[PDB]
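**Student:** Below you'll find the structure I mean.
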Amino acid sequence: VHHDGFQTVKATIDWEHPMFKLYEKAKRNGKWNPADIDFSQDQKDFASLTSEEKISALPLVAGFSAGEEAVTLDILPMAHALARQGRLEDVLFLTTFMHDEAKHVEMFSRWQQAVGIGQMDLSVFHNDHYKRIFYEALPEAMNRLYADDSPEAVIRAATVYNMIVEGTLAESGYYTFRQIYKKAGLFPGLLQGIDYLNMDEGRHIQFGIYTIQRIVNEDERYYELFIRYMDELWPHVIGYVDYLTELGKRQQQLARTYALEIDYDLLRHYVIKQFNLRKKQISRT
Amino acid sequence: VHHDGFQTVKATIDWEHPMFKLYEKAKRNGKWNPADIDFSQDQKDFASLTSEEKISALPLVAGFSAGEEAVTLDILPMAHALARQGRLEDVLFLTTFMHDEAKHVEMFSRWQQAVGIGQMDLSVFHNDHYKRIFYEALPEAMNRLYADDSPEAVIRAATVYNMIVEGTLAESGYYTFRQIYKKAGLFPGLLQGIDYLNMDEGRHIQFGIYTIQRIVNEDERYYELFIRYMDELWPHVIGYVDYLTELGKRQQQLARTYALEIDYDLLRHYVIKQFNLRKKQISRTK
Ligand SMILES: CCCCCCCCCCCCCCCC(=O)O
Ligand SMILES: CCCCCCCCCCCCCCCC(=O)O
Ligand SMILES: [Fe+2]
Ligand SMILES: [Fe+2]
Ligand SMILES: [Fe+2]
Ligand SMILES: [Fe+2]
Ligand SMILES: [Fe+2]
Ligand SMILES: [Fe+2]
């Protein structure tokens, strides 16, 4: 349907808008290119591992590659909905959000290509709980926005995408990866990629917080919706984390070999800690 | 609806895909930031202009600010449609396309702000023909893709967006701006912007050509749709140009004051040339 008029013809960009400022920061701090990352030592590290040590890295990488591809695709209806609402500064920011996610997908796939597992189907490390979140709940919540852009719908989308998938699972995923492979001196190229990714994602979570808070600010009732939507997803979050833990505990060769005492109970509590932290970043008031 | 699986879990990105290669080039050649452009001399240039010289420049800027804003908003359905078809490399590319357009919107708005016309409503320089293309036909063709992603729908969208709006009107707009202010030595910040923008837009048109040609390749009968869609929009293209031309003759001062022969018959023939050139870049067979 038709454009009424255009904001940058009638007026200008709202230069003081928080998402415009976040967009400016994204351009400044968004220059990294996954094509520049040197994965040659990652290839040597991976080839050096035993077959049993080889697999133990794959479940997390499977989770990330699928995760980045999903969020690359699944942000488009948010961008559509806020565009339809005339929120131009939000849309400007979301162009950097989307391109960031494209680089994230690119980075993990380049790592798989480089270490020699591009042809391997990593879907086998997605359990029912992972599928419930990434194959189903995430795309359902986002796609809803094409036909229903109510505050309830926008809060739920931002909750699943920004606060759970990015803010709880991905944040925990980064930590985990550094806790394991940074200590083992493994996969320097991947860890460099993860570092750049973690920086991008700090901006993404700020958009999610801004979006949820601005709606809660309209009506305190939406705060309770936010809490409820977080809690509804927790079982799948922890169900996936438990699955990953149980896998790590059955394939402990890498831990032994590299002196690592992967404290899975520490990782588990970090996930819980992230979940509760996200809740605290939204105020009822 | 659900994801069946994911290409970068089952396999990898198709590293040889034409749109993946275009994506890589975009990242390499797309580092410019409108926020770094010095518009202080543009401000002084604009202030030194006579009132009649001031309104010589504004209709074109009006066309571009609205144009960039429209295409920023209106690419989203194309990205959605291609994503839903599983064309991952196309989607990776389109993230650079979209962020480019965001920078283009930004650049023209920064210029308006800097020269002191941000508070002016430039809508007054969009005539019925401009409105038909940018307020109506473009969003109608793009939004159609949410419910109809047929070959016919995708060709029509790429034709309006990439071949007419970008490849005919915008290409002719860049040229025109340089043919007028580069010679005059005016608005160096804006011209610097236009140059970076023109580089970006080369990639956008390549996506349009690839998309239209990959569909035409499946069935030559789509070639005739392409031509028909181009021709349907021509009356609004030239009708906007005549309105701009009509304005530019009714305002002689910037030309004469700045030593210029703004040859409007030359620019009109640039628009005509761009249009036939776009037609030629698609073949019945390739
Ligand atoms: C063993 C401890 C469990 C740690 C939790 C691991 C979760 C796997 C990570 C997959 C989700 C990635 C989502 C990306 C979101 C974005 O890019 O904005
Ligand atoms: C008198 C000479 C007329 C020349 C034609 C002038 C047309 C004005 C340009 C406005 C269209 C801009 C469209 C944005 C394209 C994109 O950024 O992909
Ligand atoms: Fe990401
Ligand atoms: Fe993200
Ligand atoms: Fe379970
Ligand atoms: Fe543009
Ligand atoms: Fe463009
Ligand atoms: Fe007319």
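Ordered as shown in the structure tokens, chains take letters A, B, and onward, while each chain numbers its residues from 1 and ligands are numbered from 1 in the order shown.
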Which residues come within 12 Å of residue B:280, counting only C-alpha atoms, excluding same-chain residues fewer than 5 positions away, as a PDB file with N, CA, C and O atoms, in the first residue's frame?
**Tutor:**
```
ATOM      1  N   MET B 163      15.112  -1.424 -12.482  1.00  0.00           N
ATOM      2  CA  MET B 163      15.308  -0.913 -13.853  1.00  0.00           C
ATOM      3  C   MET B 163      14.769   0.493 -14.093  1.00  0.00           C
ATOM      4  O   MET B 163      15.408   1.278 -14.832  1.00  0.00           O
ATOM      5  N   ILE B 209      19.405  -7.016 -12.752  1.00  0.00           N
ATOM      6  CA  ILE B 209      19.675  -7.726 -14.019  1.00  0.00           C
ATOM      7  C   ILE B 209      19.718  -9.227 -13.812  1.00  0.00           C
ATOM      8  O   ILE B 209      19.067  -9.961 -14.571  1.00  0.00           O
ATOM      9  N   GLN B 213      16.891 -11.681 -15.410  1.00  0.00           N
ATOM     10  CA  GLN B 213      17.426 -12.618 -16.400  1.00  0.00           C
ATOM     11  C   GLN B 213      17.287 -14.060 -15.946  1.00  0.00           C
ATOM     12  O   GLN B 213      17.067 -14.955 -16.784  1.00  0.00           O
ATOM     13  N   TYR B 223      10.200 -12.440 -21.096  1.00  0.00           N
ATOM     14  CA  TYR B 223      10.900 -11.326 -21.724  1.00  0.00           C
ATOM     15  C   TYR B 223       9.898 -10.281 -22.175  1.00  0.00           C
ATOM     16  O   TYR B 223      10.105  -9.095 -21.991  1.00  0.00           O
ATOM     17  N   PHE B 226       8.595  -8.189 -19.296  1.00  0.00           N
ATOM     18  CA  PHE B 226       9.568  -7.190 -18.892  1.00  0.00           C
ATOM     19  C   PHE B 226       9.373  -5.929 -19.725  1.00  0.00           C
ATOM     20  O   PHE B 226       9.091  -4.861 -19.183  1.00  0.00           O
ATOM     21  N   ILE B 227       9.420  -6.080 -21.049  1.00  0.00           N
ATOM     22  CA  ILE B 227       9.273  -4.940 -21.950  1.00  0.00           C
ATOM     23  C   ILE B 227       7.982  -4.216 -21.670  1.00  0.00           C
ATOM     24  O   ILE B 227       7.963  -2.985 -21.577  1.00  0.00           O
ATOM     25  N   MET B 230       8.155  -2.111 -18.465  1.00  0.00           N
ATOM     26  CA  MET B 230       8.970  -0.911 -18.692  1.00  0.00           C
ATOM     27  C   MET B 230       8.129   0.170 -19.371  1.00  0.00           C
ATOM     28  O   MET B 230       8.040   1.314 -18.912  1.00  0.00           O
ATOM     29  N   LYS B 273      17.965   7.577 -23.118  1.00  0.00           N
ATOM     30  CA  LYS B 273      19.056   6.606 -23.327  1.00  0.00           C
ATOM     31  C   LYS B 273      19.184   5.537 -22.229  1.00  0.00           C
ATOM     32  O   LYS B 273      19.473   4.384 -22.498  1.00  0.00           O
ATOM     33  N   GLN B 274      19.063   5.955 -20.979  1.00  0.00           N
ATOM     34  CA  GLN B 274      19.134   5.031 -19.864  1.00  0.00           C
ATOM     35  C   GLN B 274      18.045   3.973 -19.974  1.00  0.00           C
ATOM     36  O   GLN B 274      18.306   2.811 -19.785  1.00  0.00           O
ATOM     37  N   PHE B 275      16.836   4.406 -20.297  1.00  0.00           N
ATOM     38  CA  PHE B 275      15.670   3.539 -20.399  1.00  0.00           C
ATOM     39  C   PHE B 275      15.844   2.454 -21.439  1.00  0.00           C
ATOM     40  O   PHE B 275      15.514   1.284 -21.179  1.00  0.00           O
ATOM     41  N   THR B 285      17.258 -14.530 -24.446  1.00  0.00           N
ATOM     42  CA  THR B 285      18.090 -15.713 -24.317  1.00  0.00           C
ATOM     43  C   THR B 285      19.433 -15.373 -23.648  1.00  0.00           C
ATOM     44  O   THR B 285      20.152 -14.507 -24.147  1.00  0.00           O
TER      45      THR B 285
END
```
**Student:** Select residues of chain A: the criterion is any atom within 6 Å of an atom of chain B, counting only C-alpha atoms; output as a ChimeraX atom specification.
**Tutor:** /A:1-3,6,8-12,66,92,95,98-99,102,109,118-119,121-122,135-136,140
**Student:** Could you dump the residues just selected with C-alpha atoms as a short mmCIF file (atom, residue, chain, number, x, y, z; two decimals), in the first residue's frame?
**Tutor:**
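Dumped to out_20.cif:
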```cif
data_model
loop_
_atom_site.label_atom_id
_atom_site.label_comp_id
_atom_site.auth_asym_id
_atom_site.auth_seq_id
_atom_site.Cartn_x
_atom_site.Cartn_y
_atom_site.Cartn_z
CA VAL A 1 0.00 0.00 0.00
CA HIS A 2 0.89 3.59 -0.77
CA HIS A 3 3.36 5.96 0.91
CA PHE A 6 8.33 10.86 3.24
CA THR A 8 13.20 13.22 4.84
CA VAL A 9 11.21 15.32 2.36
CA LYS A 10 8.80 16.86 4.92
CA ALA A 11 11.51 17.17 7.55
CA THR A 12 14.71 15.24 8.35
CA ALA A 66 21.55 -22.61 12.40
CA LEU A 92 17.98 2.55 9.50
CA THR A 95 19.76 -2.47 8.13
CA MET A 98 20.55 -7.59 9.35
CA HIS A 99 23.94 -7.12 7.68
CA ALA A 102 24.66 -12.01 7.46
CA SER A 109 30.11 -21.33 7.39
CA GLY A 118 31.20 -28.30 5.08
CA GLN A 119 29.76 -31.51 3.63
CA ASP A 121 25.10 -32.49 8.07
CA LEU A 122 25.23 -30.93 11.55
CA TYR A 135 12.65 -24.05 13.67
CA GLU A 136 9.24 -23.00 15.10
CA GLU A 140 6.19 -17.94 14.21
#
```
**Student:** Would you please extract all helix (DSSP H, G or I) residues from stretch 13-257 of chain B, as assigned by DSSP on the backbone, and give them as a PyMOL selection string?
**Tutor:** chain B and resi 18-29+34-36+40-48+51-74+76-84+88-115+122-125+128-146+151-184+188-216+221-249+253-257
**Student:** Report, in Å to a single decimal, how far apart atom CA of residue B:206 and atom CA of residue B:225 are.
**Tutor:**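 Distance reported for this atom pair: 19.4 Å.
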**Student:** As a ChimeraX atom specification, please: the residues near residue B:270 (cut-off 12 Å, only C-alpha atoms, same-chain neighbours under 4 positions excluded).
**Tutor:** /B:167-176,179,238,241,263-266,274-277
**Student:** Enumerate as a ChimeraX atom specification the residues within 6 Å of ligand 3, counting only C-alpha atoms and all ligand atoms.
**Tutor:** /A:68,101,104
**Student:** Take the residues that were just selected and, keeping C-alpha atoms, output them as a compact mmCIF listing (two decimals), in the first residue's frame.
**Tutor:**
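again34.txt written:
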```
# COMPACT_ATOMS: atom_id res chain seq x y z
CA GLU A 68 22.62 -17.13 12.78
CA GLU A 101 23.65 -11.28 11.07
CA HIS A 104 27.68 -14.02 11.42
```
**Student:** Measuring atom to atom with only C-alpha atoms, identify which of B:58, B:164, B:19, B:199 is nearest to residue B:279.
**Tutor:** B:164
**Student:** Which one of B:85, B:245, B:127, B:211 sits closest to ligand 2 if you count only C-alpha atoms and all ligand atoms?
**Tutor:**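 Under the stated criterion, the closest residue is B:245.
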